[PDB]
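Just the one chain here, laid out as structure tokens, in the form deposited in one PDB entry.
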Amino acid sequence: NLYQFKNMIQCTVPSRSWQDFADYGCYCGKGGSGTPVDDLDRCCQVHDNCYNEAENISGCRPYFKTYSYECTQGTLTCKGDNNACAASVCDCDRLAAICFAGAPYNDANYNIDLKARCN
């Protein structure tokens, strides 16, 4: 769920407030369309597409599904007790969190005008 994803981000990118990734580019946060503006945005595009794919699973609601995971000593792990939905969503979140840690963060790309720039 989003609370868990927030925690994944806190654990792979502790140097930033989680909310720095909640409204960035065309894909990080509410936005889900247009040109990814940079590599961080591309991380979010993949994440968004990953969620859309997980939503094909019956009863699978990525913002809400509580999965089983651990973040310890620099590593994120999706646990074995996860059902197909939980495993898929956890993997989406894990890969995105790792992606965020390796992407440059451009302040100019925070809170962009989605209606104008993400068609």
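The numbering used is simple: start at 1 and walk along the sequence shown.
Although not depicted, the form solved in complex with a partner chain is the subject of the following passage.
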4.5 Å heavy atom contact, residue 28 and its partner chain in the entry with it bound: yes
When the contact criterion is heavy atoms within 4.5 Å, does residue 90 count as touching its partner chain in the entry with it bound?
no
| message | Please tell me whether any heavy atom belonging to residue 99 falls inside 4.5 Å of a heavy atom of its partner chain, as the geometry stands in the entry with it bound. | response | no
Contact between residue 44 and its partner chain in the entry with it bound at 4.5 Å, heavy atoms?
yes
